[PDB]
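Survey of secondary and tertiary structure
Here is how the chains run, residue by residue.
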Amino acid sequence: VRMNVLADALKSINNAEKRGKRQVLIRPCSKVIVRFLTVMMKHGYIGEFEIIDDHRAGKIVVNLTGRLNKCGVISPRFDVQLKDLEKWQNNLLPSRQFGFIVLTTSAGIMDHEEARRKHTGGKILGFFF
Amino acid sequence: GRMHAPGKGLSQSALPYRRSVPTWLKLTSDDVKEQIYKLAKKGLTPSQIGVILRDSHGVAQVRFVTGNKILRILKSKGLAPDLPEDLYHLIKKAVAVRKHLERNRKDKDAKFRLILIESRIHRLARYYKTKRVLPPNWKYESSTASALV
Amino acid sequence: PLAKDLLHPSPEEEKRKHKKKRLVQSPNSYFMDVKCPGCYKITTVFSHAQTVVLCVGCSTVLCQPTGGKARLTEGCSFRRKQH
Amino acid sequence: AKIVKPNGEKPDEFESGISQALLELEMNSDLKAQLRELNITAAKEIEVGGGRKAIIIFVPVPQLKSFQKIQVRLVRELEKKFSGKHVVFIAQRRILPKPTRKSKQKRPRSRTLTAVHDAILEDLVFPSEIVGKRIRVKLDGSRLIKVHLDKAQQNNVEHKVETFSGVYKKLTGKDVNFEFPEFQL
Amino acid sequence: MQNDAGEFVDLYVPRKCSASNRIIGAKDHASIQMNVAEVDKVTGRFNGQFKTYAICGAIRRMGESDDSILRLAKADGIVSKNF
RNA sequence: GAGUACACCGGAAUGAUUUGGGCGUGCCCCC
RNA sequence: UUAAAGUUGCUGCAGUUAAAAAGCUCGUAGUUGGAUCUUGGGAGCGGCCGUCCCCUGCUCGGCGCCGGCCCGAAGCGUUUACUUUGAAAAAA
C-alpha cells in the first residue's frame, strides 16, 4: 500500500531523469509535491510542469531537461533546528557551493538557505542537487 | 491485492469526468425517489437498486439526479435496514459454511474458509463499532445464527 | 520513446490503453436506445445490463446477461446516444 | 420590482435599468409564464479585453435550477437589446474565512473558496460544458488555467472566450484560456 | 569557475550532448560530433556553412541517436514540419 | 386519441390563408 | 579500555551459492497510513523584484476634537508536537 506519495513521486522522477526521458507523469498529486516542484523551478533545475486535474486526484508532468543528478526524500520527517542545519547539510549534500535541502515550515515550504535567512526551522522533507 | 487471497486484480467501476446529468434523461428527482421507495418496499437492497435503475430507467447513478445517495435516501425516509448489507451477506455466508461443516467434519478447506470469513466479520464489525452504527455491546457469536438471518 | 507527448496523445493510443490507465479515467461503456418492430415504444438500456429486462408493454425479452455486453434479441435496432 | 439587495442600498442606474428592461421583456415575450417570482440579485459592468463591455448578472442559488431552462433565449434577447454587450448569468455564493486557530458552527465544503471558484468557472460557461482543466505553472510560479469545453453546441459560444476570460479574471484574479478538443466528440 | 576577480580556473570546458544535455568526458570515444550542411532556398546549392550536433555515447549505445538527430534537425528547420 | 410512423387542434407566421409524421434530437418511415 | 570495526551498522552492515527468511495462513498488542478546507488586491518605500499595513469579535478611560468617532484597559479566545524567543538555571 502506498504510504508516501512524495517518496514515490521522487523515486519515479529520479528514475526518469536517470534513464534520459524528456517528461514523466506522476499518478498521485499533493500540495507538498507542487510546492517542492515549485522550489525546483525557482532554483532552476526543472522546466515547465503541467498539473492535470480530474475529480479524484491530479497528475503532474514535468519537463526534465538535463540538470538533475538525483532528487530524493528523507523519511520520517525529522525535525531540525537552526544549529543542526549545518550538520545535516555537510553530510547530506555533495558540496557546499550548490545543492539545496527543503523542509516544511510554518512560514512556507522553502529551502535551507531561505530558512537560514528567515531564522526558522521545521521538519526536513528531502534534497536535490 | 485481495485482503486474504494472494491474488492481485484490477476490475471495478470507472466514473466519467463530466459531473452533470445527461440531457436525454427526462426523469426528475421526485420520480426517481419514488421508484427508489417502491423498489425498497419490494424488498431489495441498495446493491441491486442502483443496478435496476441504471439498467431499466436509464439513469447513470443517483448521486447526480439527487444529492443524497441511495442509503442516505433510505435513512432519510426511515425504511433503511438496521444492519449493513455487506455485514449481513458476510454473516449469511458464515452461517452457510457452518451449516455445510456440521455434517462433513473432514472438509479442512471449509474450516479454513470459515475462519477467514469470521476474521472478515470481526474486522468489519470493529469499524462499525468505531463509526457509531452498532451498540458497543454487540458481539458476533458462533451459535447466534437463527436470530441474525 | 524519450521525447513523447503525454499531454496530447493521439486518440488511437488512448483507446489502445486500459480505461484506468488513460490520461483521464473515462469508461468505454455507453447507453443504448433499443426498439423492436413488434412494439412501438422505445426504452433505454445499458450496454452491460447484466440483468434480464422486459420491455415496458410486455413485448418480449430484450437483453441477455453475459460477461461483457448484452446479447440483443434478434430483430432490434439500437443507436448510441451521447451528449 | 425584481432586483433585491442584501442591505438597504440604492442600486445604481444601470441595475435599475436592467431590472426594468427584464420586466418589460418578460411581460412582452412568452417568458412570464415561468418568470413571476424568478428575481435577480445584482448586476455589474466591467471592461473586458477588447473594445467591448460585458454584463454580469448574479443569481440566487436555490432558484438557479429554474433559470437553467431560460438562458437559451434570454441572452439572445439581451443581445437584441444591446448589440455590443455580452450578458452572462452566474450564481452568487457565500465564502467563509478559513478557521484560523485565533478566530461557531462547522464550515461546510460547499462554502469553501475552492468550491466557490469551481462553481463560478462551471457556471460562467452555460451552453458548453467543461471537458477538462489543465493548469500550467509558469517559470515564475504564476499559474495559467486552461479549460477544455464541450465540442457540441460550439458554433454559438466560440466568440465568448474573451469575455469569459475577462469576467473570471476580474472576479477571481487568475489568467484563464479556452481551447476546444476533438478527440472525443 | 570564478574567483575574487572573475577569471576562469577550469583548464577546459567539456562538451555537452545536444539531446540529453549531458556533458562528454575526455575518455569517451563513443561520443559523436556530427556536422549537417544546409541548402540555400533560391536554387539548392552548397554554400559553405554548416550546423554542428553532438550526441553522448550513452544515447547511441542505448539506440536512440537517430531519433534525437531527427528531432534536432526538425527543430532547427531542416526536416519538414509535417514530415 | 394506441398504435405507429398516423387523424383532430391550439400557440405562431405573413381581413384571409397556413407548410407528412416517430421521440430513440438525430436518424427511422411516406412521396 | 577507546578509535581503527561500515566486524553491532540510528547516520551506517548482511540473509540464492561464504555465517543467516519461521513449512504456510489468519490474527490482539506495537509500528506505519491516500487526495482534498486560503485565497489576492489596494496604497507605497524604490531599480520584474530589494522593503511596508490589512484580512477573533464583545464594562471602565486619554495623543483628542466640534451629544457624533477611534485610541488604552480590571474580563475571554479548540486543544498538542514542531519551530524562534525570554526567564530560571552552584562553583571548578
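1. Examining the overall build of chain C
In terms of helices and strands, chain C carries one helix and two strands. Counted from the first residue to the last, chain C has its helices and strands arranged as α-β-β. Compactness check: chain C gives a C-alpha radius of gyration of 18 Å against a globular reference of 12 Å for 83 residues, more than 25% above the reference. Viewed in the frame of its principal axes, chain C has a C-alpha envelope of about 60 × 25 × 20 Å. Residues classed as buried in chain C amount to 31% of the 83 residues present.

2. Side note on the pattern of salt bridges
All names here are of chain D. Inspection of the entire model under this criterion finds 16 salt bridges over all chains. With its nearest N and O atoms 3.2 Å apart, the salt bridge here joins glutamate 9 to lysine 5. Note on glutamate 9: relative accessible area 36%, which makes it partly exposed. With a closest N to O distance of 3.1 Å, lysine 80 and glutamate 77 form a salt bridge.

3. Regarding the sheet that holds strand 1 (residues 23-26) of chain A
One open sheet holds the six strands; their spatial order is 1(A)-3(A)-2(A)-4(D)-5(D)-6(D), and the pairing between them is mixed. The open sheet has two edge strands with one neighbour each: strand 1 of chain A together with strand 6 (176-179) of chain D. When the angles between neighbouring strand axes are averaged without regard to direction, this sheet yields 20°. The pairing of strand 2 (residues 49-52) of chain A with strand 4 (residues 130-137) of chain D spans four bridges and is classified as antiparallel. The partner of A:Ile51 across the bridge, within strand 4 of chain D, is D:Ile135. Taken strand by strand, helix 2 (residues 31-43) of chain A contacts strand 2 and strand 3 (59-63) of chain A together with strand 4 and strand 5 (143-149) of chain D, and its axis lies near 165° from that of strand 2 of chain A.

4. Let's talk about the protein's contact with RNA strand G
Neighbouring RNA strand G are 29 residues, the closest being A:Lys31, B:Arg123, D:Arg109, D:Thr112 and D:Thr114. Protein-proximal atoms of RNA strand G, defined as those within 4 Å of the protein, fall in sugar or phosphate at a share of 72%. One nitrogen or oxygen atom from the main chain of D:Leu113 is found 3.5 Å from a phosphate oxygen belonging to RNA strand G. In the environment of RNA strand G, a phosphate oxygen lies 2.8 Å from a nitrogen or oxygen atom belonging to the side chain of D:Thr114. Sorting elements by how many residues they give to the surface near RNA strand G places helix 6 (residues 108-130) of chain B first, with four residues.

5. Describing the packing of aromatic side chains
Aromatic ring pairs: the centre-centre distance and the angle between the two ring planes describe each pair. Enumeration according to the criterion identifies eight aromatic pairs over all chains in this entry. Between A:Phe127 and A:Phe129 the ring centres are 5.9 Å apart and the planes differ by 10°, which places this aromatic pair in the stacked class. For the pair shown, A:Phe127 and A:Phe129 are each scored as buried. Cation over ring: B:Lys77 sits above B:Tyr37, and NZ or CZ is 3.8 Å from the ring centre. Over the ring of C:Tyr30 we find C:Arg80; its NZ or CZ atom is 3.9 Å from the centre of that ring.

6. Observations regarding the sheet that holds strand 2 (residues 53-59) of chain D
Hydrogen bonding along the main chain pairs the strands of a sheet, whether they run parallel or antiparallel. Residue and element names in this part refer to chain D. The mixed open sheet is built from three strands, whose spatial order is 1-2-3. Looking at strand neighbours, the two that pair on one side only are strand 1 (43-47) and strand 3 (85-91), the edges of this open sheet. Averaged over all adjacent pairs, the angle separating strand axes in this sheet is 25°, with direction ignored. Judged from the five bridges that link them, strand 1 and strand 2 form a sheet pairing that is antiparallel. In the sheet register, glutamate 47 faces strand 2, and the bridge partner there is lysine 53.

7. Quick look at the UniProt feature "binding site: Zn(2+)" in chain C
Residue and element names in this part refer to chain C. Taking the UniProt record as the reference, the feature "binding site: Zn(2+)" is found at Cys36, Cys39, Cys55 and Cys58. Spanning 23 residues, the annotated positions come together in the fold, the maximum distance between their C-alpha atoms being 12.2 Å. For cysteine 36, the location among the structural elements is in the loop between strand 1 (31-32) and strand 2 (45-46). Sequence-distant contacts of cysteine 36, defined by excluding residues within four places in its chain, comprise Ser59, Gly75 and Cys76. Counting through the fold element by element, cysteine 55 comes out in the segment after strand 2. The exposure class assigned to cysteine 55 is buried, which follows from its relative accessible area of 5%.

8. What about the interface of chain B and chain C?
In many reports, interface size means the accessible area that the parts give up when they come together. The partner chain C presents 18 residues to the 19 residues of chain B that form the contact. Between chain B and chain C, roughly 1,500 Å² of surface is buried when both sides are summed, and carbon and sulfur atoms account for 59% of that area. The largest share of the area that chain B buries against chain C comes from B:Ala14, B:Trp24 and B:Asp55, three residues that together contribute 38% of it. Taken together, the links from chain B to chain C amount to five residue pairs in polar contact. Looking at the side of chain B that touches chain C residue by residue, the class counts come to ten nonpolar, six polar and three charged.

Calculation notes
- Residues numbered from 1 in each chain as written, not as in the entry; some residues may be left out.
- Chains lettered and ligands numbered in written order.
- Part of a larger assembly, values for the part shown.
- Heavy atoms only, no water.
- Helix = DSSP H or I, 4+ residues; strand = E, 2+ residues; numbered from the N terminus.
- Rg over C-alpha atoms; globule rule 2.2 N^0.38 Å.
- Buried < 20%, exposed > 50% of the residue type's maximum accessible area, 1.4 Å probe, protein only.
- Salt bridge = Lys/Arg side-chain N within 4 Å of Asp/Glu carboxyl O.
- Pairing = 2+ DSSP bridges.
- Axes fitted to C-alpha atoms, helices over the stretch in contact; angles between N-to-C directions.
- Contact = heavy atoms within 4.5 Å.
- Near = heavy atom within 4 Å.
- Polar contact = N/O pair within 3.5 Å; in protein donor to acceptor, adjacent residues only side chain to side chain.
- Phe/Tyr/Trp six-rings, centres within 6.5 Å; stacked < 30°, edge-to-face > 60°.
- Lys NZ or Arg CZ within 6 Å of the ring centre and 35° of its normal.
- UniProt positions renumbered as here; feature names shortened; annotations may be inferred.
- Buried area = accessible area lost by both parts, 1.4 Å probe.
- Nonpolar A, V, L, I, M, F, W, Y, C, P; charged D, E, K, R; others polar.

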